[PDB]
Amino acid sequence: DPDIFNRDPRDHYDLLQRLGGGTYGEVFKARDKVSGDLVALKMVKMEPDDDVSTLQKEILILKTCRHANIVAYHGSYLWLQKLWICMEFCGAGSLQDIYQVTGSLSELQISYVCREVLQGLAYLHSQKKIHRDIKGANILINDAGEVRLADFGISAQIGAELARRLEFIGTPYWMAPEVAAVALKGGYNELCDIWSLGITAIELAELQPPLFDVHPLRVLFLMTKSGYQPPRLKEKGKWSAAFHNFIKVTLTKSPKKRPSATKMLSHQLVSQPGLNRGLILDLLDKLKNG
């Protein structure tokens, strides 16, 4: 790929500190040596006997993605078999990091977050791209209180596996149509991000998604049973009917009836006036006071 910078990222950036994990790779905070601007660098090591398809898909996803509510992609450096993905810096970290200090968010704060994530998802889905990993840990906040979607590692893995299973599909002349549809289209569509956002709205309201106490495998099994009920907000009178309805429609069980991102953006909870980053600046102020 000619877009890759074939040089050492330390040519341009002072590495400052490790910021955490992600779906794969280590993320570093760094500073532009010329402008003094801050960035984050997701470093992915490519070891000798490694399939790099997932990494290549991640770069492919980001190369054509330009939307304010998606963490900006500035490019990638390949050096000493390490790929450094350079991106926009969001100084406050993830919402999950934040609410573990501040406590649960207010309804207006959640409404701003949901509106901003929905704007990002509409753009992503308009590119036939899926996030598939929406949660508080993947919603980043910068010092201005603005909302950014991050970590496409899961998205990239899904696209690489789909391309791989397709390349190694062999002769499908005996294959049933439902198997073929799964091989080409994966078994679901972008509306899974709308459900995840509804669960995130509960997360931000209650500091954990439903059934977080339950073993992950057990949770998978419960969601596939006939009696599975979409979760609800635990405290009824704490939240408006608009918030309850938002949760109800985003958590529609059938994907055939789950509304799209663009449709959800006309929902009154996220289309109401007065939603601005200042609501999140207030949250960041709670952080600043222990």
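In this text, the rigid core denotes the largest set of C-alpha atoms whose superposition between the two forms falls within 1.5 Å. Numbering starts at 1 and runs along the sequence shown.
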Problem set entry | More variable segment, 269-277 or 7-15 [Cα RMS over structures in 5 other deposited structures of this protein, core-superposed] | 7-15
Problem set entry | Between 206-214 and 185-193, larger RMS Cα displacement in 5 other deposited structures of this protein after core fit | 185-193
Exercise. If you average the Cα B factors in the entry, which is higher, 164-172 or 69-77?
Worked result: 164-172
Exercise. Comparing 257-265 with 47-55, which has the greater mean CA B-factor as deposited?
Worked result: 47-55
For this session: Tell me, please, which of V249, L222, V27, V39 has the highest C-alpha B factor according to the deposited entry?
Result: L222
Exercise. If you check the C-alpha B-factor for each of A150, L118, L211, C192 in the entry, which is highest?
Worked result: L211
For this session: Could you tell me which third, lowest, middle or highest, the C-alpha B-factor of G103 occupies within its chain?
Result: middle
For this session: Pull the Cα B-factor of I202 out of the PDB entry and bin it into the chain's lowest, middle or highest third.
Result: lowest
Exercise. What third of the chain, by the recorded C-alpha B-factor, contains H125?
Worked result: lowest
For this session: Could you look up the Cα B-factor of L217 in the entry and say which third of the chain it sits in: lowest, middle or highest?
Result: highest
For this session: For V113, return the chain-relative third of its C-alpha B-factor as stated in the PDB record: lowest, middle or highest.
Result: lowest
